[PDB]
Amino acid sequence: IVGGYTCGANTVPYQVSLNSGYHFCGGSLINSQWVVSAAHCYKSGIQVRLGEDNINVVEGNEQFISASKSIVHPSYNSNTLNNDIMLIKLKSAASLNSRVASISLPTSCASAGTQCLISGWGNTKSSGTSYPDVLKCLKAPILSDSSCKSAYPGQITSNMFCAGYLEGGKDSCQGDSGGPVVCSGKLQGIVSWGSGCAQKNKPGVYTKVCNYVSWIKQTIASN
Ligand SMILES: [Ca+2]
């Protein structure tokens with residue numbers, strides 16, 4: 001997250017770190033056994049880390065649970081990032097508490113202008129690299145679809161939305177991929193892509209979660 005703020009420990013209780021020896025992506029806990037992330041975050045050997053603040057220090061609220069199965073969306077296209085969503089099942093159920101908590105799925109799509117919370121452990125710089133050890137947060141609005149298309153001609157599908165600031169300075173970034181965009185207590189987006197980070201006229205692009213609720217629910221019900 002570039003241009004954000006330190007969330008505070010365990011203030012974002014649905015945020016997870018996906019770990020394969022190191023943090024590589026975020027995710028969102030949607031029930032005691034299932035995480036949503038980005039399909040471009042797929043790999044084997046994932047350990048889900050819940051209740052994290054400093055990802056480099058054991059602070060006492062963590063739960064580390066290996067993935068038993070990864071399900072990338074049936075129509076994911078890694079060239080376009082269309083349908084950039086995956087589900088990860090935990091080998092054992094998380095113990096849910098004030099610091100480790102699911103986030104509800106949307107019942108309708110969010111509108112441009114809605115305010116949301118975006119969070120992650122990714123790069124905090126637009127030029128060069130600095131990875132924070134504690135979770136960072138950004139409050140940002142959903143942008144109109146016409147502004148999103150205008151920013152990224154030929155690239156924005158009906159499964160994507162833009163959020164952030166066209167003036168630059170505040171955005172998600174590399175290492176935030178797969179993490180949440182939460183609006184009014186509902187998971188509306190997944191950190192997906194963007195041209196650099198925090199650049200003028202190049203807002204963040206997010207997977208539009210409300211298009212996937214039926215797929216998520218049916219997948220959980222049978223897996
Ligand atoms: Ca920790």
# chains A, B, ... in the order shown; residues from 1 in each chain; ligands from 1

$ select_by_dssp --residues "stretch 1-131 of chain A" --states "strand (DSSP E or B)" --output "NGL selection string"
:A and (2 or 5-6 or 15-19 or 23-31 or 34-37 or 47-50 or 63-72 or 77 or 82 or 86-90 or 104 or 115-120)

$ residues_around --residues "residue A:2" --least-positions-apart "3" --cutoff "9 Å" --atoms "only C-alpha atoms" --output "VMD selection string"
chain A and resid 5 122 to 126 136 138 169 to 173 197 to 198

$ residues_near_ligand --ligand "ligand 1" --cutoff "12 Å" --atoms "only C-alpha atoms and all ligand atoms" --output "compact mmCIF listing (two decimals) with C-alpha atoms, in the first residue's frame"
# COMPACT_ATOMS: atom_id res chain seq x y z
CA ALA A 9 -2.85 -4.81 15.14
CA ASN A 10 -5.75 -7.11 14.28
CA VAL A 16 -4.76 -13.12 5.76
CA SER A 17 -1.17 -13.49 4.56
CA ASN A 19 2.96 -17.74 2.97
CA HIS A 23 4.60 -13.54 2.45
CA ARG A 49 -1.55 -17.04 8.18
CA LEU A 50 -4.47 -15.56 10.11
CA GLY A 51 -4.42 -13.05 12.97
CA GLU A 52 -1.25 -11.40 11.66
CA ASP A 53 0.01 -7.85 12.27
CA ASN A 54 3.82 -7.94 12.06
CA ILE A 55 4.40 -10.80 9.63
CA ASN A 56 7.98 -11.16 10.87
CA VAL A 57 7.27 -11.48 14.62
CA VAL A 58 5.07 -13.97 16.52
CA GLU A 59 2.89 -11.63 18.52
CA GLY A 60 0.37 -14.10 19.97
CA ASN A 61 -2.83 -14.02 17.90
CA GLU A 62 -1.69 -15.91 14.84
CA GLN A 63 -3.16 -19.14 13.44
CA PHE A 64 -1.02 -20.87 10.77
CA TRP A 121 1.69 -5.99 3.37
CA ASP A 133 6.23 -5.70 8.30
CA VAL A 134 2.88 -4.42 9.86
CA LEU A 135 -0.39 -4.26 8.01

$ residues_around --residues "stretch 96-112 of chain A" --least-positions-apart "6" --cutoff "10 Å" --atoms "only C-alpha atoms" --output "PDB file with C-alpha atoms, in the first residue's frame"
ATOM      1  CA  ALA A   9      -2.851  -4.812  15.139  1.00  0.00           C
ATOM      2  CA  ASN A  10      -5.750  -7.106  14.283  1.00  0.00           C
ATOM      3  CA  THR A  11      -8.044  -4.282  13.213  1.00  0.00           C
ATOM      4  CA  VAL A  12      -8.670  -5.929   9.912  1.00  0.00           C
ATOM      5  CA  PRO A  13      -9.527  -9.428  11.200  1.00  0.00           C
ATOM      6  CA  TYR A  14     -10.435 -11.001   7.873  1.00  0.00           C
ATOM      7  CA  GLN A  15      -7.004 -10.149   6.327  1.00  0.00           C
ATOM      8  CA  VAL A  16      -4.761 -13.117   5.758  1.00  0.00           C
ATOM      9  CA  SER A  28      -9.730 -12.637   2.832  1.00  0.00           C
ATOM     10  CA  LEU A  29     -11.262 -15.143   5.262  1.00  0.00           C
ATOM     11  CA  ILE A  30     -14.893 -15.805   4.223  1.00  0.00           C
ATOM     12  CA  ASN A  31     -15.748 -18.639   6.702  1.00  0.00           C
ATOM     13  CA  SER A  32     -13.844 -20.803   9.074  1.00  0.00           C
ATOM     14  CA  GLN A  33     -12.455 -23.036   6.339  1.00  0.00           C
ATOM     15  CA  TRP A  34     -12.177 -20.818   3.194  1.00  0.00           C
ATOM     16  CA  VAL A  35     -10.118 -17.883   1.928  1.00  0.00           C
ATOM     17  CA  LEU A  50      -4.470 -15.560  10.114  1.00  0.00           C
ATOM     18  CA  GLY A  51      -4.416 -13.047  12.970  1.00  0.00           C
ATOM     19  CA  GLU A  52      -1.249 -11.400  11.657  1.00  0.00           C
ATOM     20  CA  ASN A  61      -2.830 -14.019  17.900  1.00  0.00           C
ATOM     21  CA  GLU A  62      -1.689 -15.909  14.838  1.00  0.00           C
ATOM     22  CA  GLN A  63      -3.162 -19.137  13.443  1.00  0.00           C
ATOM     23  CA  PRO A 141     -13.458   5.330  -3.270  1.00  0.00           C
ATOM     24  CA  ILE A 142     -14.697   3.152  -6.091  1.00  0.00           C
ATOM     25  CA  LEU A 143     -14.301   4.999  -9.421  1.00  0.00           C
ATOM     26  CA  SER A 144     -16.824   5.070 -12.203  1.00  0.00           C
ATOM     27  CA  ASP A 145     -16.612   2.465 -14.885  1.00  0.00           C
ATOM     28  CA  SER A 147     -13.246   6.659 -15.683  1.00  0.00           C
ATOM     29  CA  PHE A 161     -13.475  -2.077 -11.163  1.00  0.00           C
ATOM     30  CA  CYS A 162     -11.104   0.745 -10.383  1.00  0.00           C
ATOM     31  CA  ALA A 163     -10.678   2.298  -6.978  1.00  0.00           C
ATOM     32  CA  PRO A 180      -9.459  -7.275   0.365  1.00  0.00           C
ATOM     33  CA  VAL A 182     -14.224  -3.963   1.911  1.00  0.00           C
ATOM     34  CA  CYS A 183     -17.095  -1.491   1.583  1.00  0.00           C
ATOM     35  CA  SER A 184     -19.826  -1.157   4.236  1.00  0.00           C
ATOM     36  CA  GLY A 185     -18.781  -4.470   5.872  1.00  0.00           C
ATOM     37  CA  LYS A 186     -18.796  -6.507   2.604  1.00  0.00           C
ATOM     38  CA  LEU A 187     -15.985  -7.919   0.474  1.00  0.00           C
ATOM     39  CA  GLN A 188     -16.392  -6.084  -2.831  1.00  0.00           C
ATOM     40  CA  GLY A 189     -12.961  -6.414  -4.362  1.00  0.00           C
ATOM     41  CA  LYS A 208     -15.436  -7.437  -8.888  1.00  0.00           C
ATOM     42  CA  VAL A 209     -16.442  -9.938  -6.166  1.00  0.00           C
ATOM     43  CA  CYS A 210     -20.192  -9.468  -6.464  1.00  0.00           C
ATOM     44  CA  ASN A 211     -20.081 -11.196  -9.876  1.00  0.00           C
ATOM     45  CA  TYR A 212     -18.701 -14.328  -8.192  1.00  0.00           C
ATOM     46  CA  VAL A 213     -20.995 -14.875  -5.214  1.00  0.00           C
ATOM     47  CA  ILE A 216     -18.171 -18.975  -4.394  1.00  0.00           C
ATOM     48  CA  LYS A 217     -21.221 -20.346  -2.584  1.00  0.00           C
TER      49      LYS A 217
END

$ select_by_dssp --residues "stretch 34-185 of chain A" --states "helix (DSSP H, G or I)" --output "mmCIF file with N, CA and C atoms, in the first residue's frame"
data_model
loop_
_atom_site.group_PDB
_atom_site.id
_atom_site.type_symbol
_atom_site.label_atom_id
_atom_site.label_comp_id
_atom_site.auth_asym_id
_atom_site.auth_seq_id
_atom_site.Cartn_x
_atom_site.Cartn_y
_atom_site.Cartn_z
ATOM 1 N N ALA A 39 -6.533 -15.250 -8.394
ATOM 2 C CA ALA A 39 -5.961 -16.366 -9.140
ATOM 3 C C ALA A 39 -4.516 -16.193 -9.530
ATOM 4 N N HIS A 40 -4.074 -14.979 -9.762
ATOM 5 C CA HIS A 40 -2.675 -14.815 -10.112
ATOM 6 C C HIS A 40 -1.767 -15.044 -8.922
ATOM 7 N N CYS A 41 -2.277 -15.211 -7.765
ATOM 8 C CA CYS A 41 -1.541 -15.626 -6.566
ATOM 9 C C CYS A 41 -1.466 -17.135 -6.446
ATOM 10 N N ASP A 145 -17.056 3.301 -13.804
ATOM 11 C CA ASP A 145 -16.612 2.465 -14.885
ATOM 12 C C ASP A 145 -16.085 3.273 -16.087
ATOM 13 N N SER A 146 -16.689 4.421 -16.437
ATOM 14 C CA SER A 146 -16.144 5.174 -17.563
ATOM 15 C C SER A 146 -14.770 5.770 -17.226
ATOM 16 N N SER A 147 -14.569 6.182 -16.002
ATOM 17 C CA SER A 147 -13.246 6.659 -15.683
ATOM 18 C C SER A 147 -12.202 5.533 -15.682
ATOM 19 N N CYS A 148 -12.619 4.343 -15.241
ATOM 20 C CA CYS A 148 -11.739 3.149 -15.226
ATOM 21 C C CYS A 148 -11.332 2.774 -16.650
ATOM 22 N N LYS A 149 -12.278 2.758 -17.587
ATOM 23 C CA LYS A 149 -11.988 2.419 -18.975
ATOM 24 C C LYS A 149 -11.181 3.462 -19.628
ATOM 25 N N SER A 150 -11.453 4.681 -19.284
ATOM 26 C CA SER A 150 -10.715 5.761 -19.892
ATOM 27 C C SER A 150 -9.238 5.687 -19.451
ATOM 28 N N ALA A 151 -8.982 5.268 -18.169
ATOM 29 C CA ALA A 151 -7.666 5.156 -17.667
ATOM 30 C C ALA A 151 -6.895 4.018 -18.299
#

$ closest_atom_pairs --of "stretch 134-184 of chain A" --to "stretch 190-194 of chain A" --cutoff "7 Å" --atoms "only C-alpha atoms" --output "tab-separated table"
residue	atom	partner	partner_atom	distance
A:176	CA	A:191	CA	6.4
A:177	CA	A:191	CA	4.7
A:178	CA	A:191	CA	5.0
A:179	CA	A:191	CA	5.3
A:180	CA	A:190	CA	5.1
A:181	CA	A:190	CA	5.9

$ write_last_selection --atoms "N, CA, C and O atoms" --output "compact mmCIF listing (two decimals), in the first residue's frame"
# COMPACT_ATOMS: atom_id res chain seq x y z
N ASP A 176 0.38 -6.70 -2.30
CA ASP A 176 -1.00 -6.53 -1.78
C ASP A 176 -1.96 -7.43 -2.56
O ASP A 176 -3.11 -7.60 -2.10
N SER A 177 -1.52 -7.98 -3.68
CA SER A 177 -2.40 -8.80 -4.54
C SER A 177 -3.11 -9.86 -3.78
O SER A 177 -2.56 -10.50 -2.88
N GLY A 178 -4.40 -10.07 -4.11
CA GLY A 178 -5.21 -11.05 -3.46
C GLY A 178 -5.95 -10.58 -2.22
O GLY A 178 -6.87 -11.25 -1.75
N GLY A 179 -5.53 -9.39 -1.72
CA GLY A 179 -6.15 -8.86 -0.49
C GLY A 179 -7.45 -8.20 -0.74
O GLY A 179 -7.95 -8.03 -1.85
N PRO A 180 -8.07 -7.79 0.38
CA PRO A 180 -9.46 -7.27 0.37
C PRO A 180 -9.60 -5.84 -0.02
O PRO A 180 -8.80 -4.97 0.33
N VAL A 181 -10.78 -5.58 -0.61
CA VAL A 181 -11.40 -4.26 -0.70
C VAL A 181 -12.77 -4.42 -0.03
O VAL A 181 -13.63 -5.13 -0.59

$ closest_residue --among "A:220, A:90, A:1, A:205" --to "residue A:160" --atoms "only C-alpha atoms"
A:205

$ closest_residue --among "A:119, A:114, A:127, A:77" --to "residue A:6" --atoms "only C-alpha atoms"
A:119

$ atom_distance --atom1 "atom CA of residue A:165" --atom2 "atom CA of residue A:200"
7.9 Å
